[PDB]
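Chemist: This is the structure I have questions about; it appears just below.
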Number of protein chains: 4
Amino acid sequence: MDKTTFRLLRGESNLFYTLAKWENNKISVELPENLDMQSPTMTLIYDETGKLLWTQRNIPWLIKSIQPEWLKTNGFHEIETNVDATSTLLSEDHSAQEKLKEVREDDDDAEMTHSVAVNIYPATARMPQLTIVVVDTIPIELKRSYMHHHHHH
Amino acid sequence: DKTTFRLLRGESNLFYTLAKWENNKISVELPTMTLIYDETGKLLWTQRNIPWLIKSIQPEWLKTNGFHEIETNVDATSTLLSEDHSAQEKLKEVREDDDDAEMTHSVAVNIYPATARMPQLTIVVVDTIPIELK
Amino acid sequence: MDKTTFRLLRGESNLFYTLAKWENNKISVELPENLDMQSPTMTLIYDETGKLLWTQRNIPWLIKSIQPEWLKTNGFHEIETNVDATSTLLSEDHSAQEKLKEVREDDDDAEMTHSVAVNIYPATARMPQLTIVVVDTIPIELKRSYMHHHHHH
Amino acid sequence: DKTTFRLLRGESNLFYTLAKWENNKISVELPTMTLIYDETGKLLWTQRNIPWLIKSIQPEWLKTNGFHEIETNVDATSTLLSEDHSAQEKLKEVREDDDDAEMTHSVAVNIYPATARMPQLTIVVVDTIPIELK
Ligand SMILES: [Ca+2]
Ligand SMILES: [Ca+2]
Ligand SMILES: [Ca+2]
Ligand SMILES: [Ca+2]
Ligand SMILES: [Ca+2]
Ligand SMILES: [Ca+2]
Ligand SMILES: [Ca+2]
């Protein structure tokens, strides 16, 4: 797979693991000091059952896109969606919203694909088994600023 | 049988009267056990949480009004009824006769067409005393 | 369902599919070389209509037991019958005939259950749609050589 | 849907008839392409020798019977079919519009239980005309 993607999603998953606390049979997440940019990712936290315990943003369509089968192993997946749903996942002021505006006019039946990483953190003395799902919010279709063209001379 | 039909259908109609659809979710209030399903075949309400009974109800049975049979063992039929029900002594003899005995139980399905107030309800009623004790 | 039963009945069904030829608006089945054990199964072959095209053995009662609604999808069913009818499905020399003899004295009116498997083979260039039904001739009640007993100590 | 199922499954069954297991190895005698695998997930025979198609077949798809899709570009779908195949003029039009157009092809996986004759065969069948020309 793409290496930058692996670094970003796994890194974010691990980071959330370090910020999660378990108190009163409930998960909370610390907002850390000195965090310099907002990651273009959305994190979900599940227990061993598949019950959603913590969700970073309430996107009801995306939570349903996450298949129960995915939650049982460490792996990578993709969710195919449309341009109106991808604009949901990004802040209204993020500069990819303008890229999505230009996709809408060129072809509003344009499909967008989001990477999804699942990682399982085994139960430890003061924390149960946490399954963390991180979604990349910028679709693969818009990663690049240009497309190579094959010229022969 | 005529008598068994009157018993299971009347019981199914009684729960149709008691069922109320509010906030997009069923709400019932109050020798049979009754389960209620929706048009997709999902289970909306059960009179008692018995996981073996639920499973034995074949989902094809729900597409139609019809009368069926559900086979289980004497230990499960005995754990269906109250701990000091009248028929425990009768099922005790058939157990000491044959520990692995086979009980079968009658099952009525009936579909209630949708209405302004409430959607299609499919109601499944199990006779909790088997046909072996009749 | 039981995994041995699935493999037995589907395997036999596919086998019969490979051995079927369609000639002169009629089905025939090859008897293959080097066929070691004989499956303890009875196969029926039907056309898209529900008309019987080929039966492995003519057992009127069992052919009438195959409900026409079964023929419309791929699925597994069961036929509840009695000991005398089950003896009709097995060769007189097969060793479960003596198990059937021992049931017939232990309990007069014992019920026997046979598994049944329906698989549809779509029409191909040289063959119309074929619906094959395989019956397991050993009833489930006699599958096992013993019954576990729950001992506590 | 229904029409493509009859086509891809009929084809997969046809290759099951044509498959023979001799000397502990497979041998098949002879608009789709068919691949045949073993129980472990390894590929035992393919009707062509196209590396991108072989890879696009996700190894999880092999554990069950089911129907999938595989996406590739218009140039790879054009190179899949014969040089002067019927629908090349159609795909030439889609290239002239969008050089990098996206085509998607239907895939059918099917498992054939082991047998005295041969072991479990898993048979995968690609429709070589994409769903965009339907
Ligand atoms: Ca997806
Ligand atoms: Ca543009
Ligand atoms: Ca795509
Ligand atoms: Ca005995
Ligand atoms: Ca029985
Ligand atoms: Ca019975
Ligand atoms: Ca697509």
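Identifiers in this document derive from the order of the structure tokens: chains are assigned A, B, ..., residues are numbered from 1 separately in each chain, and ligands are numbered from 1 in order of occurrence.
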For the helix (DSSP H, G or I) assignment from backbone DSSP, which residues of chain C qualify? Please present them as number ranges by chain.
Modeler: C: 3-19, 60-65, 68-72, 83-89, 96-106, 140-142
Chemist: Quick one: write out the picked residues with N, CA and C atoms as a short mmCIF file (atom, residue, chain, number, x, y, z; two decimals), in the first residue's frame?
Modeler:
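The new file out.cif reads:
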```
data_model
loop_
_atom_site.label_atom_id
_atom_site.label_comp_id
_atom_site.auth_asym_id
_atom_site.auth_seq_id
_atom_site.Cartn_x
_atom_site.Cartn_y
_atom_site.Cartn_z
N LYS C 3 -21.16 -30.31 8.22
CA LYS C 3 -20.22 -30.03 7.13
C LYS C 3 -19.99 -31.25 6.27
N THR C 4 -20.05 -32.42 6.88
CA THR C 4 -19.91 -33.68 6.15
C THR C 4 -21.06 -33.89 5.16
N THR C 5 -22.25 -33.46 5.57
CA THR C 5 -23.45 -33.60 4.79
C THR C 5 -23.41 -32.68 3.57
N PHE C 6 -23.04 -31.42 3.80
CA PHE C 6 -22.86 -30.47 2.72
C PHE C 6 -21.90 -31.01 1.67
N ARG C 7 -20.70 -31.40 2.10
CA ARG C 7 -19.66 -31.91 1.19
C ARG C 7 -20.15 -33.14 0.45
N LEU C 8 -20.82 -34.05 1.16
CA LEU C 8 -21.31 -35.28 0.54
C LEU C 8 -22.31 -34.98 -0.58
N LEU C 9 -23.33 -34.19 -0.27
CA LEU C 9 -24.49 -34.02 -1.13
C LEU C 9 -24.23 -33.09 -2.29
N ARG C 10 -23.56 -31.97 -2.01
CA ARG C 10 -23.12 -31.07 -3.06
C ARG C 10 -22.07 -31.71 -3.97
N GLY C 11 -21.08 -32.38 -3.38
CA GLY C 11 -20.08 -33.09 -4.16
C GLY C 11 -20.73 -34.08 -5.13
N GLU C 12 -21.73 -34.80 -4.66
CA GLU C 12 -22.39 -35.81 -5.47
C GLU C 12 -23.17 -35.10 -6.58
N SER C 13 -23.80 -33.98 -6.24
CA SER C 13 -24.57 -33.21 -7.20
C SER C 13 -23.70 -32.67 -8.34
N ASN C 14 -22.54 -32.16 -8.00
CA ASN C 14 -21.63 -31.63 -9.00
C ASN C 14 -21.10 -32.75 -9.86
N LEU C 15 -20.84 -33.88 -9.22
CA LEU C 15 -20.36 -35.07 -9.93
C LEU C 15 -21.37 -35.50 -10.98
N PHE C 16 -22.63 -35.53 -10.59
CA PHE C 16 -23.66 -35.96 -11.53
C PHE C 16 -23.81 -34.96 -12.63
N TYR C 17 -23.57 -33.69 -12.33
CA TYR C 17 -23.61 -32.66 -13.36
C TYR C 17 -22.55 -32.93 -14.43
N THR C 18 -21.33 -33.28 -14.01
CA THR C 18 -20.24 -33.58 -14.94
C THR C 18 -20.47 -34.84 -15.77
N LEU C 19 -21.30 -35.75 -15.27
CA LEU C 19 -21.53 -37.03 -15.93
C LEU C 19 -22.77 -37.00 -16.80
N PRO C 60 -41.24 -44.35 -5.70
CA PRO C 60 -42.40 -43.45 -5.79
C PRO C 60 -42.57 -42.52 -4.60
N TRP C 61 -42.48 -43.05 -3.38
CA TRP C 61 -42.78 -42.26 -2.18
C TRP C 61 -41.82 -41.11 -2.01
N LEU C 62 -40.54 -41.36 -2.26
CA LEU C 62 -39.49 -40.36 -2.12
C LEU C 62 -39.57 -39.28 -3.21
N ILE C 63 -39.93 -39.67 -4.43
CA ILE C 63 -40.08 -38.70 -5.52
C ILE C 63 -41.26 -37.76 -5.26
N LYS C 64 -42.32 -38.28 -4.63
CA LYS C 64 -43.46 -37.46 -4.23
C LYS C 64 -43.16 -36.61 -2.99
N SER C 65 -42.12 -36.98 -2.25
CA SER C 65 -41.68 -36.23 -1.07
C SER C 65 -40.92 -34.97 -1.44
N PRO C 68 -42.36 -29.42 -4.96
CA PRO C 68 -42.01 -28.61 -6.14
C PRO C 68 -41.40 -27.25 -5.78
N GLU C 69 -41.84 -26.63 -4.68
CA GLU C 69 -41.27 -25.36 -4.22
C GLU C 69 -39.77 -25.45 -3.92
N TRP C 70 -39.31 -26.62 -3.48
CA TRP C 70 -37.88 -26.86 -3.24
C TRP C 70 -37.06 -26.65 -4.50
N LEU C 71 -37.61 -27.07 -5.63
CA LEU C 71 -36.93 -27.03 -6.93
C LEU C 71 -36.59 -25.64 -7.47
N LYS C 72 -37.08 -24.58 -6.84
CA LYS C 72 -36.93 -23.21 -7.37
C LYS C 72 -35.72 -22.43 -6.83
N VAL C 83 -39.12 -46.16 9.53
CA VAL C 83 -38.06 -47.16 9.35
C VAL C 83 -38.22 -48.05 8.12
N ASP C 84 -39.46 -48.46 7.81
CA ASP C 84 -39.72 -49.31 6.64
C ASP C 84 -39.39 -48.60 5.32
N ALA C 85 -39.76 -47.33 5.21
CA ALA C 85 -39.41 -46.51 4.04
C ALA C 85 -37.89 -46.26 3.90
N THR C 86 -37.19 -46.10 5.02
CA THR C 86 -35.74 -45.92 4.98
C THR C 86 -35.02 -47.19 4.52
N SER C 87 -35.58 -48.36 4.86
CA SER C 87 -34.98 -49.63 4.43
C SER C 87 -35.09 -49.76 2.92
N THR C 88 -36.13 -49.16 2.35
CA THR C 88 -36.32 -49.10 0.91
C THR C 88 -35.22 -48.30 0.16
N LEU C 89 -34.59 -47.34 0.83
CA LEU C 89 -33.56 -46.49 0.19
C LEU C 89 -32.17 -47.12 0.16
N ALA C 96 -26.19 -50.81 7.57
CA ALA C 96 -27.14 -50.02 8.35
C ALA C 96 -28.55 -50.61 8.31
N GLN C 97 -28.79 -51.54 7.39
CA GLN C 97 -30.01 -52.36 7.42
C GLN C 97 -30.17 -53.14 8.72
N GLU C 98 -29.05 -53.47 9.37
CA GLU C 98 -29.09 -54.20 10.64
C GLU C 98 -29.27 -53.22 11.80
N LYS C 99 -28.76 -51.99 11.65
CA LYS C 99 -29.11 -50.93 12.59
C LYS C 99 -30.62 -50.62 12.53
N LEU C 100 -31.19 -50.62 11.32
CA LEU C 100 -32.63 -50.40 11.12
C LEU C 100 -33.47 -51.52 11.73
N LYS C 101 -32.94 -52.74 11.70
CA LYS C 101 -33.58 -53.89 12.31
C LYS C 101 -33.62 -53.75 13.83
N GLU C 102 -32.55 -53.20 14.40
CA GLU C 102 -32.45 -52.96 15.84
C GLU C 102 -33.32 -51.80 16.32
N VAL C 103 -33.59 -50.83 15.44
CA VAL C 103 -34.50 -49.74 15.75
C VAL C 103 -35.93 -50.27 15.72
N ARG C 104 -36.22 -51.17 14.77
CA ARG C 104 -37.58 -51.63 14.53
C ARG C 104 -38.14 -52.43 15.72
N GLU C 105 -37.26 -52.97 16.56
CA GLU C 105 -37.68 -53.70 17.76
C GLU C 105 -37.62 -52.82 19.02
N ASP C 106 -36.65 -51.92 19.10
CA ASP C 106 -36.56 -50.98 20.23
C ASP C 106 -37.80 -50.07 20.25
N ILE C 140 -30.32 -39.29 9.53
CA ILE C 140 -29.52 -38.59 10.51
C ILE C 140 -29.54 -39.34 11.86
N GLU C 141 -30.67 -39.97 12.18
CA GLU C 141 -30.84 -40.68 13.45
C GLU C 141 -29.84 -41.81 13.65
N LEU C 142 -29.27 -42.30 12.56
CA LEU C 142 -28.28 -43.38 12.60
C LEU C 142 -26.88 -42.95 12.20
#
```
Chemist: Residues within 9 Å of residue 116 of chain D, please, as a list in words. Count only C-alpha atoms; anything in the same chain fewer than 2 positions from it doesn't count.
Modeler: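 The contact residues come out as residues 35, 36 and 37 of chain C; 114, 118 and 119 of chain D.
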Chemist: Selected residues, C-alpha atoms, written as a PDB file, in the first residue's frame, please.
Modeler:
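This went into part.pdb:
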```
ATOM      1  CA  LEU C  35     -15.383 -45.302  -9.117  1.00  0.00           C
ATOM      2  CA  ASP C  36     -14.403 -46.893  -5.768  1.00  0.00           C
ATOM      3  CA  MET C  37     -17.088 -46.521  -3.053  1.00  0.00           C
TER       4      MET C  37
ATOM      5  CA  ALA D 114     -13.791 -32.257  -2.678  1.00  0.00           C
ATOM      6  CA  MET D 118     -10.485 -34.473  -6.950  1.00  0.00           C
ATOM      7  CA  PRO D 119     -10.096 -32.008  -4.060  1.00  0.00           C
TER       8      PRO D 119
END
```
Chemist: Give one line per residue of chain A that approaches ligand 7 to at most 10 Å, naming the two atoms of the closest pair and their distance in Å to one decimal, counting only C-alpha atoms and all ligand atoms; sort by chain then ascending residue number and deliver it as a Markdown table.
Modeler:
```
| residue | atom | partner | partner_atom_place_in_ligand_line | distance |
| --- | --- | --- | --- | --- |
| A:80 | CA | ligand 7 | 1 (Ca) | 8.1 |
| A:81 | CA | ligand 7 | 1 (Ca) | 9.6 |
| A:109 | CA | ligand 7 | 1 (Ca) | 9.9 |
| A:110 | CA | ligand 7 | 1 (Ca) | 8.8 |
| A:111 | CA | ligand 7 | 1 (Ca) | 6.7 |
| A:112 | CA | ligand 7 | 1 (Ca) | 9.2 |
| A:113 | CA | ligand 7 | 1 (Ca) | 9.8 |
```
Chemist: Taking C-alpha atoms for each residue, export the selection above as a compact mmCIF listing (two decimals), in the first residue's frame.
Modeler:
```txt
# COMPACT_ATOMS: atom_id res chain seq x y z
CA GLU A 80 -16.42 4.16 -1.77
CA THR A 81 -18.75 7.14 -1.56
CA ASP A 109 -21.36 11.21 -10.31
CA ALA A 110 -17.66 11.19 -9.29
CA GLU A 111 -16.78 8.43 -6.85
CA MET A 112 -14.48 9.15 -3.90
CA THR A 113 -12.52 6.53 -1.97
```
Chemist: If I take atom CA of residue 55 of chain C and atom CA of residue 135 of chain C, how far is one from the other in Å, to one decimal?
Modeler: 11.4 Å
Chemist: If you count only C-alpha atoms, which residues fall within 10 Å of residue 58 of chain B, apart from same-chain ones fewer than 4 positions away, as a VMD selection string?
Modeler: chain B and resid 54 62 68 70
Chemist: Interatomic distance between atom CA of residue 32 of chain D and atom CA of residue 125 of chain D?
Modeler: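 Interatomic distance here is 6.6 Å.
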Chemist: Using only C-alpha atoms, which protein or nucleic acid residues come within 9 Å of residue 77 of chain A? Drop anything in the same chain fewer than 4 positions from it, and give the result as JSON, numbers by chain.
Modeler: {"A": [70, 114, 115, 116, 117, 118]}
Chemist: Create the file for the chosen residues now, containing N, CA and C atoms and written as a compact mmCIF listing (two decimals), in the first residue's frame.
Modeler:
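Saved as again_20.txt:
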```
# COMPACT_ATOMS: atom_id res chain seq x y z
N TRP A 70 -14.62 -6.09 9.59
CA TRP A 70 -13.36 -5.34 9.61
C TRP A 70 -12.77 -5.28 11.00
N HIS A 114 -12.12 6.52 0.44
CA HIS A 114 -11.39 6.84 1.67
C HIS A 114 -10.77 5.60 2.26
N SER A 115 -9.49 5.71 2.61
CA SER A 115 -8.75 4.64 3.27
C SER A 115 -9.22 4.51 4.73
N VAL A 116 -9.15 3.31 5.28
CA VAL A 116 -9.63 3.04 6.62
C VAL A 116 -8.68 2.05 7.25
N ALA A 117 -8.11 2.37 8.41
CA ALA A 117 -7.20 1.46 9.10
C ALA A 117 -7.79 0.99 10.43
N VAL A 118 -7.73 -0.32 10.67
CA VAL A 118 -8.15 -0.94 11.92
C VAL A 118 -6.93 -1.48 12.66
```
Chemist: How far is it from atom CA of residue 136 of chain A to atom CA of residue 102 of chain D, in Å with one decimal?
Modeler: 22.3 Å
Chemist: Looking at only C-alpha atoms and all ligand atoms, which of D:98, D:5, D:35, D:29 is the one that sits closest to ligand 2?
Modeler: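 Result for the nearest residue to ligand 2: D:98.
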Chemist: When you look at residue 28 of chain B with a cut-off of 10 Å (counting only C-alpha atoms), what residues show up, excluding the ones that are within fewer than 6 positions of it in the same chain? I need them as a list in words.
Modeler: residues 15, 16, 17, 18, 19, 20, 21, 36, 45, 46 and 47 of chain B
Chemist: Mind checking which residues fall within 8 Å of residue 104 of chain B, counting only C-alpha atoms, ignoring those fewer than 5 positions away in the same chain, and posting them as a ChimeraX atom specification?
Modeler: /B:69-72,130-132
Chemist: With C-alpha atoms kept, could you save the residues just selected as a short mmCIF file (atom, residue, chain, number, x, y, z; two decimals), in the first residue's frame?
Modeler:
```cif
data_model
loop_
_atom_site.label_atom_id
_atom_site.label_comp_id
_atom_site.auth_asym_id
_atom_site.auth_seq_id
_atom_site.Cartn_x
_atom_site.Cartn_y
_atom_site.Cartn_z
CA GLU B 69 -44.39 -27.76 14.40
CA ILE B 70 -41.17 -27.21 16.31
CA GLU B 71 -39.30 -30.23 17.71
CA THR B 72 -37.11 -30.07 20.84
CA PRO B 130 -46.25 -30.29 23.49
CA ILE B 131 -48.63 -32.46 21.44
CA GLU B 132 -47.23 -35.53 23.30
#
```
Chemist: Would you pick out the contacts of residue 90 of chain C at 8 Å or less, using only C-alpha atoms, so that residues sharing its chain but fewer than 5 positions from it are not included, and give the list as a PyMOL selection string?
Modeler: chain C and resi 40+97+137-138
Chemist: Any chance you can output those residues with N, CA and C atoms as a PDB file, in the first residue's frame?
Modeler:
```
ATOM      1  N   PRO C  40     -23.669 -43.139  -0.657  1.00  0.00           N
ATOM      2  CA  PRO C  40     -24.942 -43.578  -0.104  1.00  0.00           C
ATOM      3  C   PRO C  40     -25.888 -42.391  -0.272  1.00  0.00           C
ATOM      4  N   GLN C  97     -28.794 -51.539   7.394  1.00  0.00           N
ATOM      5  CA  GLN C  97     -30.012 -52.358   7.416  1.00  0.00           C
ATOM      6  C   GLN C  97     -30.170 -53.136   8.725  1.00  0.00           C
ATOM      7  N   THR C 137     -29.136 -41.230   1.925  1.00  0.00           N
ATOM      8  CA  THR C 137     -29.926 -42.427   2.202  1.00  0.00           C
ATOM      9  C   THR C 137     -29.770 -43.010   3.605  1.00  0.00           C
ATOM     10  N   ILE C 138     -28.767 -42.561   4.355  1.00  0.00           N
ATOM     11  CA  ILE C 138     -28.608 -42.922   5.756  1.00  0.00           C
ATOM     12  C   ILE C 138     -29.270 -41.828   6.553  1.00  0.00           C
TER      13      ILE C 138
END
```
